[PDB]
Amino acid sequence: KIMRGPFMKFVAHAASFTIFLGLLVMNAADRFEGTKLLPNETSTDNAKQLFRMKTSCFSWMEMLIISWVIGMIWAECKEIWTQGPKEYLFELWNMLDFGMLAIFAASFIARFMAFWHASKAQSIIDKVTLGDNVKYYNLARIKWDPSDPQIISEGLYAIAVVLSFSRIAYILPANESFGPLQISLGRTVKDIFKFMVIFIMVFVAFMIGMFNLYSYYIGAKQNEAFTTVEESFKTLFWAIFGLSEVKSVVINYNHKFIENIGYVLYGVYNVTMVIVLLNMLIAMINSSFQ
Amino acid sequence: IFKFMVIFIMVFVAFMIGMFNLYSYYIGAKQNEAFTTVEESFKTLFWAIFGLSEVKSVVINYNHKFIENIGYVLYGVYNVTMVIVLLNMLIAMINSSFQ
Ligand SMILES: CCCCCCCCCCCCCCCCCC(=O)O[C@@H](COC(=O)CCCCCCC)COP(=O)(O)OCCN
Ligand SMILES: CCCCCCCCCCCCCCCCCC(=O)O[C@@H](COC(=O)CCCCCCC)COP(=O)(O)OCCN
Ligand SMILES: CC(C)CCC[C@@H](C)[C@H]1CC[C@H]2[C@@H]3CC=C4C[C@@H](OC(=O)CCC(=O)O)CC[C@]4(C)[C@H]3CC[C@]12C
Ligand SMILES: CC(C)CCC[C@@H](C)[C@H]1CC[C@H]2[C@@H]3CC=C4C[C@@H](OC(=O)CCC(=O)O)CC[C@]4(C)[C@H]3CC[C@]12C
Ligand SMILES: CC(C)CCC[C@@H](C)[C@H]1CC[C@H]2[C@@H]3CC=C4C[C@@H](OC(=O)CCC(=O)O)CC[C@]4(C)[C@H]3CC[C@]12C
Ligand SMILES: CCCCCCCCCC(=O)O[C@@H](C)COP(=O)(O)OCC[N+](C)(C)C
Ligand SMILES: N#Cc1ccc(O[C@@H]2c3ccccc3C[C@H]2N2CCC[C@@H](N)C2)cc1
């Protein structure tokens with residue numbers, strides 16, 4: 001009768017999230033100071049099994065995480081067929097919570113199919129050379145394919161681990177000192193979503209304009225900026241935080257016309273972004289005394 | 001600012017564990033020694049508040065560009081989130097001085 005009260009129910013639901021975060025921390029606890037399994041090395045630990053056997057096998061802590069995610073998917077489907085699939089998408093945090101579970105499910109599916117391929121190939125080979133169906137396995141991380149499911153799972157698990165820390169927003173407005181901070185932090189994301197439109201207009205403008213300038217100098221440039229659309233995207237994205245050098249507008253030829261055009265366009269980009277961010281800061285300072 | 005450091009260390013611990021889990025298996029096959037130990041992933045995200053952490057700390061030497069693009073996206077989202085949190089702190093402290 002105590003555990004059916006609302007406050008003990010809240011305490012139990014917060015404790016079962018503290019446990020999940022503790023599992024996510026202590027899962028990678030053998031590698032806190034170095035993994036001791038090099039990307040070029042090979043460790044079998046049984047002298048009769050493949051290397052790709054003791055990499056995709058599930059531990060005793062990677063099954064509890066699967067049980068938590070299965071219960072967390074079931075507790076979301078029960079919310080879907082009780083509030084209705086139209087009033088459930090009305091809050092965007094439900095979509096932010098559904099994407100995390102979808103990414104966790106995709107990660108565990110990819111790891112399971114990697115383990116399934118490893119077991120299907122290890123059933124054949126139950127020292128010497130191996131045939132061309134087991135030869136891809138028992139190989140270190142340097143020789144894997146770029147689309148191996150073992151590196152799809154390890155890539156999606158990181159996004160899932162980052163996104164699962166955002167469920168503190170469900171237990172944080174019950175407090176008298178971090179509730180108003182969450183309210184005042186949420187009201188300043190809706191104030192920058194309207195300035196990101198002009199931000200991406202100026203961004204797309206200078207991205208296409210400098211890609212059109214430095215496209216023909218792909219091998220004759222000081223580095224690899226402004227030559228591909230993704231390179232021109234990241235060179236202008238990391239210049240907001242000052243992490244893009246001025247050596248990214250220099251070419252190796254004697255065409256100083258194009259280099260001076262690039263210098264002028266990069267300077268105008270930096271000045272324009274400073275003006276836009278200062279206008280955003282002043283507008284958000286002004287829309288808090290209202 | 002003692003009350004905003006709590007949300008600051010929530011976002012910090014989130015991205016620290018999330019990027020340590022990504023770049024853990026590439027300890028010798030990476031451009032530098034970031035995001036491989038917990039102290040390296042801690043200091044790479046601490047010194048990125050002051051802009052003293054380069055973008056070459058998310059680059060691996062292999063042809064696994066999936067994991068490298070995940071690291072690029074996570075580092076960019078970390079920088080944008082910290083800019084939002086610090087700007088919200090500055091605006092809140094400007095507002096709680098005319099009261
Ligand atoms: C939302 C409002 C946006 C307003 C944007 C205005 C901000 C203007 C920023 C100026 C950017 C300068 C960048 C400096 C880097 C290097 C410049 C450089 O190499 O100089 C050019 C200078 O060329 C120009 O004509 C600069 C004109 C810039 C006008 C920009 C106005 C939008 C080369 O000419 P020179 O080498 O002096 O000539 C040979 C003499 N020995
Ligand atoms: C508190 C609020 C926080 C809001 C956070 C939102 C801020 C979003 C920042 C964007 C970060 C981008 C970093 C840029 C660095 C390099 C990006 C890169 O390498 O591109 C990825 C782009 O991949 C994506 O899908 C980007 C999606 C990012 C969405 C983030 C939303 C949270 C690779 O794909 P690709 O090379 O275009 O594909 C091959 C085509 N030739
Ligand atoms: C393992 C590492 C990654 C750290 C894991 C994080 C947790 C240990 C922390 C972070 C957020 C904390 C919570 C933030 C807010 C609250 C509300 C608080 O309740 C009240 O303020 C009064 C209740 C009322 O009167 O309504 C009880 C503690 C609790 C759940 C905290 C419990 C401990 C939490 C889960
Ligand atoms: C918004 C409206 C008013 C139009 C924009 C103003 C233009 C009339 C200005 C702004 C940028 C200027 C350009 C910036 C840089 C260059 C490179 C410069 O080339 C060299 O420095 C020669 C190098 C060498 O061979 O030694 C010649 C002038 C030029 C084209 C400038 C020409 C005049 C421009 C187009
Ligand atoms: C908050 C909720 C709404 C969920 C978050 C949104 C996701 C649906 C987005 C955000 C980050 C995106 C990822 C960022 C980077 C990558 C790497 C990219 O891989 C490559 O570029 C291939 C490289 C090569 O081999 O050439 C594939 C897409 C992917 C996984 C993206 C998949 C879709 C993601 C997970
Ligand atoms: C990806 C980064 C991970 C970092 C984790 C930090 C968690 C802090 C959450 C937080 O401050 O929420 C802000 C966005 C306000 O949300 P809202 O717009 O008030 O919406 C709250 C609605 N509710 C149903 C969740 C209560
Ligand atoms: N009786 C009761 C009860 C239990 C839980 C509850 O909120 C859940 C919760 C509690 C602590 C920490 C994180 C989360 C996530 C919240 N979850 C609920 C369903 C939809 C899903 N998108 C989000 C509300 C009411």
# chains A, B, ... in the order shown; residues from 1 in each chain; ligands from 1

$ interface_residues --of "chain A" --to "chain B" --cutoff "6 Å" --atoms "only C-alpha atoms" --output "list in words"
residues 32, 33, 34, 146, 155, 158, 161 and 162 of chain A

$ residues_near_ligand --ligand "ligand 6" --cutoff "8 Å" --atoms "only C-alpha atoms and all ligand atoms" --output "mmCIF file with N, CA, C and O atoms, in the first residue's frame"
data_model
loop_
_atom_site.group_PDB
_atom_site.id
_atom_site.type_symbol
_atom_site.label_atom_id
_atom_site.label_comp_id
_atom_site.auth_asym_id
_atom_site.auth_seq_id
_atom_site.Cartn_x
_atom_site.Cartn_y
_atom_site.Cartn_z
ATOM 1 N N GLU A 91 3.295 15.710 -28.753
ATOM 2 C CA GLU A 91 4.479 16.127 -28.013
ATOM 3 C C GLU A 91 5.709 15.601 -28.740
ATOM 4 O O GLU A 91 5.779 14.412 -29.068
ATOM 5 N N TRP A 93 8.760 15.374 -27.633
ATOM 6 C CA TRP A 93 9.638 14.572 -26.792
ATOM 7 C C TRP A 93 9.299 13.091 -26.863
ATOM 8 O O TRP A 93 10.182 12.256 -26.648
ATOM 9 N N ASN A 94 8.054 12.747 -27.199
ATOM 10 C CA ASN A 94 7.717 11.349 -27.443
ATOM 11 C C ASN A 94 8.402 10.834 -28.703
ATOM 12 O O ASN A 94 8.830 9.676 -28.753
ATOM 13 N N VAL A 162 24.088 8.388 -26.171
ATOM 14 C CA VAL A 162 23.968 9.837 -26.011
ATOM 15 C C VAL A 162 22.507 10.245 -25.833
ATOM 16 O O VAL A 162 22.173 11.017 -24.927
ATOM 17 N N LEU A 163 21.607 9.706 -26.663
ATOM 18 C CA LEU A 163 20.205 10.109 -26.624
ATOM 19 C C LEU A 163 19.460 9.590 -25.401
ATOM 20 O O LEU A 163 18.447 10.183 -25.022
ATOM 21 N N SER A 164 19.925 8.505 -24.775
ATOM 22 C CA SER A 164 19.206 7.963 -23.628
ATOM 23 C C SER A 164 19.392 8.789 -22.364
ATOM 24 O O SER A 164 18.659 8.583 -21.396
ATOM 25 N N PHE A 165 20.353 9.710 -22.344
ATOM 26 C CA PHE A 165 20.540 10.609 -21.213
ATOM 27 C C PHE A 165 19.542 11.755 -21.196
ATOM 28 O O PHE A 165 19.563 12.555 -20.258
ATOM 29 N N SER A 166 18.687 11.871 -22.209
ATOM 30 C CA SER A 166 17.711 12.946 -22.299
ATOM 31 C C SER A 166 16.392 12.600 -21.626
ATOM 32 O O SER A 166 15.437 13.373 -21.733
ATOM 33 N N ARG A 167 16.316 11.463 -20.943
ATOM 34 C CA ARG A 167 15.138 11.092 -20.175
ATOM 35 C C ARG A 167 15.168 11.643 -18.758
ATOM 36 O O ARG A 167 14.308 11.284 -17.951
ATOM 37 N N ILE A 168 16.139 12.500 -18.441
ATOM 38 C CA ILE A 168 16.143 13.210 -17.167
ATOM 39 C C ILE A 168 15.124 14.346 -17.198
ATOM 40 O O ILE A 168 14.731 14.883 -16.157
ATOM 41 N N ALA A 169 14.661 14.713 -18.393
ATOM 42 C CA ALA A 169 13.616 15.714 -18.563
ATOM 43 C C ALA A 169 12.260 15.242 -18.049
ATOM 44 O O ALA A 169 11.349 16.055 -17.877
ATOM 45 N N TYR A 170 12.102 13.939 -17.817
ATOM 46 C CA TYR A 170 10.864 13.399 -17.273
ATOM 47 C C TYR A 170 10.840 13.359 -15.755
ATOM 48 O O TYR A 170 9.760 13.227 -15.175
ATOM 49 N N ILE A 171 11.995 13.441 -15.098
ATOM 50 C CA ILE A 171 12.060 13.442 -13.640
ATOM 51 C C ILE A 171 12.528 14.770 -13.077
ATOM 52 O O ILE A 171 12.385 14.996 -11.867
ATOM 53 N N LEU A 172 13.071 15.646 -13.900
ATOM 54 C CA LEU A 172 13.578 16.949 -13.489
ATOM 55 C C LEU A 172 12.544 18.024 -13.116
ATOM 56 O O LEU A 172 12.848 18.816 -12.219
ATOM 57 N N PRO A 173 11.352 18.140 -13.725
ATOM 58 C CA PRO A 173 10.415 19.169 -13.247
ATOM 59 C C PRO A 173 9.678 18.835 -11.959
ATOM 60 O O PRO A 173 8.756 19.571 -11.599
ATOM 61 N N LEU A 181 14.648 25.871 -14.254
ATOM 62 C CA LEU A 181 15.775 25.889 -15.180
ATOM 63 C C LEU A 181 15.448 25.130 -16.457
ATOM 64 O O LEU A 181 15.837 25.554 -17.547
ATOM 65 N N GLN A 182 14.704 24.029 -16.347
ATOM 66 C CA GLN A 182 14.280 23.301 -17.538
ATOM 67 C C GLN A 182 13.257 24.097 -18.339
ATOM 68 O O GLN A 182 13.286 24.086 -19.575
ATOM 69 N N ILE A 183 12.368 24.823 -17.652
ATOM 70 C CA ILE A 183 11.394 25.674 -18.342
ATOM 71 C C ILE A 183 12.093 26.802 -19.100
ATOM 72 O O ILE A 183 11.835 27.029 -20.294
ATOM 73 N N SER A 184 13.015 27.502 -18.433
ATOM 74 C CA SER A 184 13.735 28.596 -19.068
ATOM 75 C C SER A 184 14.756 28.118 -20.087
ATOM 76 O O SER A 184 15.182 28.912 -20.925
ATOM 77 N N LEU A 185 15.165 26.851 -20.034
ATOM 78 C CA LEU A 185 16.029 26.315 -21.075
ATOM 79 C C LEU A 185 15.220 25.868 -22.279
ATOM 80 O O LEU A 185 15.716 25.920 -23.406
ATOM 81 N N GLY A 186 13.985 25.424 -22.061
ATOM 82 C CA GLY A 186 13.139 25.058 -23.180
ATOM 83 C C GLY A 186 12.592 26.260 -23.920
ATOM 84 O O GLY A 186 12.310 26.182 -25.117
ATOM 85 N N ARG A 187 12.431 27.391 -23.224
ATOM 86 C CA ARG A 187 11.886 28.555 -23.920
ATOM 87 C C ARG A 187 12.923 29.289 -24.765
ATOM 88 O O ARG A 187 12.554 30.221 -25.485
ATOM 89 N N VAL A 189 15.030 27.517 -26.928
ATOM 90 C CA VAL A 189 15.337 26.707 -28.102
ATOM 91 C C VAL A 189 14.310 27.075 -29.162
ATOM 92 O O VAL A 189 14.612 27.144 -30.362
ATOM 93 N N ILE B 7 23.214 20.948 -15.144
ATOM 94 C CA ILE B 7 22.826 20.604 -16.513
ATOM 95 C C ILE B 7 24.051 20.557 -17.422
ATOM 96 O O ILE B 7 24.122 19.731 -18.353
ATOM 97 N N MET B 10 25.541 17.186 -16.821
ATOM 98 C CA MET B 10 24.702 16.159 -17.445
ATOM 99 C C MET B 10 25.020 16.005 -18.929
ATOM 100 O O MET B 10 25.253 14.886 -19.410
ATOM 101 N N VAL B 11 25.065 17.126 -19.660
ATOM 102 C CA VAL B 11 25.384 17.076 -21.092
ATOM 103 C C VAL B 11 26.823 16.609 -21.308
ATOM 104 O O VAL B 11 27.114 15.830 -22.233
ATOM 105 N N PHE B 12 27.730 17.023 -20.415
ATOM 106 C CA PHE B 12 29.133 16.632 -20.499
ATOM 107 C C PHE B 12 29.317 15.128 -20.316
ATOM 108 O O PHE B 12 30.013 14.483 -21.106
ATOM 109 N N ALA B 14 27.046 12.788 -20.629
ATOM 110 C CA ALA B 14 26.371 12.134 -21.748
ATOM 111 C C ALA B 14 27.279 12.000 -22.965
ATOM 112 O O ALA B 14 27.503 10.891 -23.468
ATOM 113 N N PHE B 15 27.847 13.119 -23.425
ATOM 114 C CA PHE B 15 28.676 13.056 -24.627
ATOM 115 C C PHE B 15 30.024 12.392 -24.368
ATOM 116 O O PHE B 15 30.576 11.763 -25.279
ATOM 117 N N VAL B 77 27.166 18.288 -32.575
ATOM 118 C CA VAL B 77 26.001 18.412 -31.703
ATOM 119 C C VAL B 77 26.422 18.794 -30.284
ATOM 120 O O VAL B 77 25.740 19.591 -29.624
ATOM 121 N N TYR B 78 27.580 18.300 -29.825
ATOM 122 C CA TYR B 78 28.109 18.693 -28.520
ATOM 123 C C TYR B 78 28.438 20.179 -28.471
ATOM 124 O O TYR B 78 28.100 20.868 -27.498
ATOM 125 N N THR B 81 25.174 22.248 -28.535
ATOM 126 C CA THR B 81 24.459 22.134 -27.267
ATOM 127 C C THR B 81 25.126 22.949 -26.165
ATOM 128 O O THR B 81 24.441 23.598 -25.365
#

$ residues_around --residues "range 193-196 of chain A" --least-positions-apart "4" --cutoff "9 Å" --atoms "only C-alpha atoms" --output "list in words"
residues 188, 189, 200, 201, 276, 277 and 280 of chain A

$ write_last_selection --atoms "C-alpha atoms" --output "PDB file, in the first residue's frame"
ATOM      1  CA  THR A 188      15.232  29.522 -25.526  1.00  0.00           C
ATOM      2  CA  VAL A 189      15.337  26.707 -28.102  1.00  0.00           C
ATOM      3  CA  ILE A 200      21.125  28.247 -42.959  1.00  0.00           C
ATOM      4  CA  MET A 201      20.285  30.714 -45.759  1.00  0.00           C
ATOM      5  CA  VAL A 276      23.678  37.268 -37.251  1.00  0.00           C
ATOM      6  CA  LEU A 277      24.684  35.721 -33.905  1.00  0.00           C
ATOM      7  CA  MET A 280      20.130  36.756 -32.200  1.00  0.00           C
TER       8      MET A 280
END

$ select_by_dssp --residues "range 40-250 of chain A" --states "alpha helix (DSSP H)" --output "ChimeraX atom specification"
/A:64-83,92-122,150-163,179-186,196-211,229-237

$ closest_atom_pairs --of "chain A" --to "ligand 5" --cutoff "10 Å" --atoms "only C-alpha atoms and all ligand atoms" --output "JSON lines"
{"residue": "A:92", "atom": "CA", "partner": "ligand 5", "partner_atom_place_in_ligand_line": "3 (C)", "distance": 8.6}
{"residue": "A:93", "atom": "CA", "partner": "ligand 5", "partner_atom_place_in_ligand_line": "1 (C)", "distance": 8.4}
{"residue": "A:94", "atom": "CA", "partner": "ligand 5", "partner_atom_place_in_ligand_line": "3 (C)", "distance": 9.4}
{"residue": "A:95", "atom": "CA", "partner": "ligand 5", "partner_atom_place_in_ligand_line": "3 (C)", "distance": 6.1}
{"residue": "A:96", "atom": "CA", "partner": "ligand 5", "partner_atom_place_in_ligand_line": "2 (C)", "distance": 4.4}
{"residue": "A:97", "atom": "CA", "partner": "ligand 5", "partner_atom_place_in_ligand_line": "2 (C)", "distance": 7.2}
{"residue": "A:98", "atom": "CA", "partner": "ligand 5", "partner_atom_place_in_ligand_line": "2 (C)", "distance": 7.3}
{"residue": "A:99", "atom": "CA", "partner": "ligand 5", "partner_atom_place_in_ligand_line": "4 (C)", "distance": 4.4}
{"residue": "A:100", "atom": "CA", "partner": "ligand 5", "partner_atom_place_in_ligand_line": "4 (C)", "distance": 6.1}
{"residue": "A:101", "atom": "CA", "partner": "ligand 5", "partner_atom_place_in_ligand_line": "4 (C)", "distance": 9.2}
{"residue": "A:102", "atom": "CA", "partner": "ligand 5", "partner_atom_place_in_ligand_line": "4 (C)", "distance": 8.4}
{"residue": "A:103", "atom": "CA", "partner": "ligand 5", "partner_atom_place_in_ligand_line": "35 (C)", "distance": 7.2}
{"residue": "A:145", "atom": "CA", "partner": "ligand 5", "partner_atom_place_in_ligand_line": "25 (O)", "distance": 9.6}
{"residue": "A:146", "atom": "CA", "partner": "ligand 5", "partner_atom_place_in_ligand_line": "25 (O)", "distance": 6.0}
{"residue": "A:147", "atom": "CA", "partner": "ligand 5", "partner_atom_place_in_ligand_line": "25 (O)", "distance": 7.0}
{"residue": "A:152", "atom": "CA", "partner": "ligand 5", "partner_atom_place_in_ligand_line": "30 (C)", "distance": 8.1}
{"residue": "A:155", "atom": "CA", "partner": "ligand 5", "partner_atom_place_in_ligand_line": "30 (C)", "distance": 7.3}
{"residue": "A:156", "atom": "CA", "partner": "ligand 5", "partner_atom_place_in_ligand_line": "30 (C)", "distance": 7.0}
{"residue": "A:159", "atom": "CA", "partner": "ligand 5", "partner_atom_place_in_ligand_line": "35 (C)", "distance": 6.9}
{"residue": "A:160", "atom": "CA", "partner": "ligand 5", "partner_atom_place_in_ligand_line": "35 (C)", "distance": 8.8}
{"residue": "A:163", "atom": "CA", "partner": "ligand 5", "partner_atom_place_in_ligand_line": "1 (C)", "distance": 7.2}
{"residue": "A:166", "atom": "CA", "partner": "ligand 5", "partner_atom_place_in_ligand_line": "1 (C)", "distance": 9.7}

$ residues_near_ligand --ligand "ligand 4" --cutoff "10 Å" --atoms "only C-alpha atoms and all ligand atoms" --output "ChimeraX atom specification"
/A:254-265,268

$ write_last_selection --atoms "N, CA, C and O atoms" --output "PDB file, in the first residue's frame"
ATOM      1  N   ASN A 254      49.935  29.941 -59.125  1.00  0.00           N
ATOM      2  CA  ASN A 254      50.138  31.384 -59.152  1.00  0.00           C
ATOM      3  C   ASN A 254      48.858  32.118 -59.544  1.00  0.00           C
ATOM      4  O   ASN A 254      48.906  33.242 -60.053  1.00  0.00           O
ATOM      5  N   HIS A 255      47.703  31.485 -59.337  1.00  0.00           N
ATOM      6  CA  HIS A 255      46.414  32.126 -59.585  1.00  0.00           C
ATOM      7  C   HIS A 255      45.954  32.823 -58.306  1.00  0.00           C
ATOM      8  O   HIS A 255      45.095  32.346 -57.568  1.00  0.00           O
ATOM      9  N   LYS A 256      46.554  33.986 -58.051  1.00  0.00           N
ATOM     10  CA  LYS A 256      46.228  34.729 -56.842  1.00  0.00           C
ATOM     11  C   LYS A 256      44.906  35.472 -56.943  1.00  0.00           C
ATOM     12  O   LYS A 256      44.422  35.967 -55.919  1.00  0.00           O
ATOM     13  N   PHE A 257      44.320  35.553 -58.141  1.00  0.00           N
ATOM     14  CA  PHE A 257      42.971  36.088 -58.302  1.00  0.00           C
ATOM     15  C   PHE A 257      41.962  35.260 -57.518  1.00  0.00           C
ATOM     16  O   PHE A 257      41.233  35.788 -56.672  1.00  0.00           O
ATOM     17  N   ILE A 258      41.955  33.945 -57.750  1.00  0.00           N
ATOM     18  CA  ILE A 258      41.020  33.035 -57.095  1.00  0.00           C
ATOM     19  C   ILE A 258      41.301  32.939 -55.598  1.00  0.00           C
ATOM     20  O   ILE A 258      40.367  32.867 -54.784  1.00  0.00           O
ATOM     21  N   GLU A 259      42.572  33.018 -55.203  1.00  0.00           N
ATOM     22  CA  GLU A 259      42.922  32.997 -53.786  1.00  0.00           C
ATOM     23  C   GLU A 259      42.449  34.260 -53.072  1.00  0.00           C
ATOM     24  O   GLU A 259      41.966  34.189 -51.936  1.00  0.00           O
ATOM     25  N   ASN A 260      42.534  35.419 -53.732  1.00  0.00           N
ATOM     26  CA  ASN A 260      42.041  36.645 -53.109  1.00  0.00           C
ATOM     27  C   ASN A 260      40.516  36.671 -53.050  1.00  0.00           C
ATOM     28  O   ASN A 260      39.941  37.204 -52.091  1.00  0.00           O
ATOM     29  N   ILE A 261      39.849  36.087 -54.058  1.00  0.00           N
ATOM     30  CA  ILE A 261      38.395  35.912 -54.000  1.00  0.00           C
ATOM     31  C   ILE A 261      38.011  35.032 -52.815  1.00  0.00           C
ATOM     32  O   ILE A 261      37.054  35.329 -52.088  1.00  0.00           O
ATOM     33  N   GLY A 262      38.776  33.964 -52.578  1.00  0.00           N
ATOM     34  CA  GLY A 262      38.482  33.083 -51.457  1.00  0.00           C
ATOM     35  C   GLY A 262      38.711  33.742 -50.109  1.00  0.00           C
ATOM     36  O   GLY A 262      37.936  33.537 -49.169  1.00  0.00           O
ATOM     37  N   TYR A 263      39.767  34.556 -50.008  1.00  0.00           N
ATOM     38  CA  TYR A 263      40.036  35.324 -48.791  1.00  0.00           C
ATOM     39  C   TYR A 263      38.905  36.298 -48.483  1.00  0.00           C
ATOM     40  O   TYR A 263      38.438  36.390 -47.339  1.00  0.00           O
ATOM     41  N   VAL A 264      38.433  37.013 -49.511  1.00  0.00           N
ATOM     42  CA  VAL A 264      37.366  37.993 -49.325  1.00  0.00           C
ATOM     43  C   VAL A 264      36.050  37.306 -48.963  1.00  0.00           C
ATOM     44  O   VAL A 264      35.332  37.760 -48.062  1.00  0.00           O
ATOM     45  N   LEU A 265      35.741  36.177 -49.610  1.00  0.00           N
ATOM     46  CA  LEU A 265      34.493  35.472 -49.320  1.00  0.00           C
ATOM     47  C   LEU A 265      34.501  34.861 -47.923  1.00  0.00           C
ATOM     48  O   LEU A 265      33.480  34.890 -47.226  1.00  0.00           O
ATOM     49  N   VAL A 268      34.030  37.818 -45.413  1.00  0.00           N
ATOM     50  CA  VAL A 268      32.644  38.277 -45.427  1.00  0.00           C
ATOM     51  C   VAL A 268      31.727  37.258 -44.752  1.00  0.00           C
ATOM     52  O   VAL A 268      30.786  37.641 -44.042  1.00  0.00           O
TER      53      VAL A 268
END

$ closest_atom_pairs --of "chain A" --to "ligand 3" --cutoff "8 Å" --atoms "only C-alpha atoms and all ligand atoms" --output "Markdown table"
| residue | atom | partner | partner_atom_place_in_ligand_line | distance |
| --- | --- | --- | --- | --- |
| A:7 | CA | ligand 3 | 26 (O) | 7.0 |
| A:10 | CA | ligand 3 | 30 (C) | 7.9 |
| A:11 | CA | ligand 3 | 30 (C) | 6.6 |
| A:14 | CA | ligand 3 | 30 (C) | 5.6 |
| A:15 | CA | ligand 3 | 35 (C) | 7.0 |
| A:17 | CA | ligand 3 | 35 (C) | 6.9 |
| A:18 | CA | ligand 3 | 35 (C) | 5.2 |
| A:19 | CA | ligand 3 | 1 (C) | 7.7 |
| A:21 | CA | ligand 3 | 1 (C) | 5.1 |
| A:22 | CA | ligand 3 | 1 (C) | 4.3 |
| A:23 | CA | ligand 3 | 1 (C) | 7.9 |
| A:24 | CA | ligand 3 | 3 (C) | 7.8 |
| A:25 | CA | ligand 3 | 3 (C) | 6.2 |
| A:168 | CA | ligand 3 | 11 (C) | 5.9 |
| A:171 | CA | ligand 3 | 15 (C) | 5.5 |
| A:172 | CA | ligand 3 | 15 (C) | 4.7 |
| A:173 | CA | ligand 3 | 15 (C) | 7.6 |
| A:174 | CA | ligand 3 | 26 (O) | 4.9 |
| A:175 | CA | ligand 3 | 21 (O) | 3.8 |
| A:176 | CA | ligand 3 | 21 (O) | 6.4 |
| A:178 | CA | ligand 3 | 15 (C) | 7.7 |

$ write_last_selection --atoms "C-alpha atoms" --output "tab-separated table (two decimals), in the first residue's frame"
chain	number	residue	atom	x	y	z
A	7	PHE	CA	5.54	9.46	-4.87
A	10	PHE	CA	7.85	8.16	-9.08
A	11	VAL	CA	10.81	7.04	-6.94
A	14	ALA	CA	13.46	7.11	-11.37
A	15	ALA	CA	15.45	4.31	-9.72
A	17	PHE	CA	16.46	4.82	-14.90
A	18	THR	CA	19.40	5.28	-12.55
A	19	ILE	CA	19.99	1.52	-12.95
A	21	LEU	CA	22.38	4.66	-16.77
A	22	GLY	CA	24.61	2.66	-14.41
A	23	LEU	CA	24.43	-0.30	-16.78
A	24	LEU	CA	25.34	1.93	-19.74
A	25	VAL	CA	28.33	3.26	-17.80
A	168	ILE	CA	16.14	13.21	-17.17
A	171	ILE	CA	12.06	13.44	-13.64
A	172	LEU	CA	13.58	16.95	-13.49
A	173	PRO	CA	10.41	19.17	-13.25
A	174	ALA	CA	9.50	17.49	-9.93
A	175	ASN	CA	12.22	19.53	-8.21
A	176	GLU	CA	11.98	23.08	-6.88
A	178	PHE	CA	15.82	22.44	-11.56

$ residues_around --residues "range 124-139 of chain A" --least-positions-apart "2" --cutoff "9 Å" --atoms "only C-alpha atoms" --output "short mmCIF file (atom, residue, chain, number, x, y, z; two decimals) with C-alpha atoms, in the first residue's frame"
data_model
loop_
_atom_site.label_atom_id
_atom_site.label_comp_id
_atom_site.auth_asym_id
_atom_site.auth_seq_id
_atom_site.Cartn_x
_atom_site.Cartn_y
_atom_site.Cartn_z
CA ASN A 40 45.89 -4.96 -35.57
CA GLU A 41 46.11 -7.71 -32.93
CA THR A 42 44.17 -10.97 -32.67
CA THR A 44 41.08 -15.88 -29.43
CA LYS A 48 40.30 -23.44 -31.20
CA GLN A 49 37.83 -20.65 -32.09
CA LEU A 50 37.80 -17.79 -34.58
CA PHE A 51 38.57 -14.20 -33.63
CA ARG A 52 35.07 -13.06 -34.68
CA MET A 53 33.55 -15.39 -32.05
CA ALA A 118 30.01 -15.59 -37.34
CA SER A 119 28.28 -18.71 -36.00
CA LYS A 120 27.20 -19.84 -39.49
CA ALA A 121 30.81 -19.55 -40.67
CA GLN A 122 32.27 -21.09 -37.49
CA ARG A 141 39.83 -4.66 -37.23
CA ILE A 142 42.16 -3.34 -39.95
CA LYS A 143 40.93 -5.90 -42.50
CA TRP A 144 37.16 -5.64 -41.95
#

$ residues_around --residues "range 59-75 of chain A" --least-positions-apart "3" --cutoff "8 Å" --atoms "only C-alpha atoms" --output "PyMOL selection string"
chain A and resi 20+23-24+27+78-79+101+104-105+108

$ closest_residue --among "A:275, A:225, A:114, A:3" --to "ligand 1" --atoms "only C-alpha atoms and all ligand atoms"
A:275

$ residues_around --residues "residue 252 in chain A" --least-positions-apart "6" --cutoff "12 Å" --atoms "only C-alpha atoms" --output "ChimeraX atom specification"
/A:217-223,258-259

$ write_last_selection --atoms "C-alpha atoms" --output "PDB file, in the first residue's frame"
ATOM      1  CA  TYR A 217      41.660  22.794 -57.590  1.00  0.00           C
ATOM      2  CA  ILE A 218      41.020  19.450 -55.903  1.00  0.00           C
ATOM      3  CA  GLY A 219      44.616  18.200 -55.945  1.00  0.00           C
ATOM      4  CA  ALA A 220      46.402  21.549 -56.179  1.00  0.00           C
ATOM      5  CA  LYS A 221      45.317  22.972 -52.826  1.00  0.00           C
ATOM      6  CA  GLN A 222      46.965  23.281 -49.405  1.00  0.00           C
ATOM      7  CA  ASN A 223      44.346  20.977 -47.860  1.00  0.00           C
ATOM      8  CA  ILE A 258      41.020  33.035 -57.095  1.00  0.00           C
ATOM      9  CA  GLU A 259      42.922  32.997 -53.786  1.00  0.00           C
TER      10      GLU A 259
END

$ closest_residue --among "A:80, A:38, A:28, A:109" --to "ligand 7" --atoms "only C-alpha atoms and all ligand atoms"
A:80

$ closest_atom_pairs --of "chain A" --to "ligand 2" --cutoff "7 Å" --atoms "only C-alpha atoms and all ligand atoms" --output "Markdown table"
| residue | atom | partner | partner_atom_place_in_ligand_line | distance |
| --- | --- | --- | --- | --- |
| A:189 | CA | ligand 2 | 2 (C) | 6.8 |
| A:230 | CA | ligand 2 | 37 (O) | 5.9 |
| A:234 | CA | ligand 2 | 15 (C) | 4.9 |
| A:237 | CA | ligand 2 | 14 (C) | 6.3 |
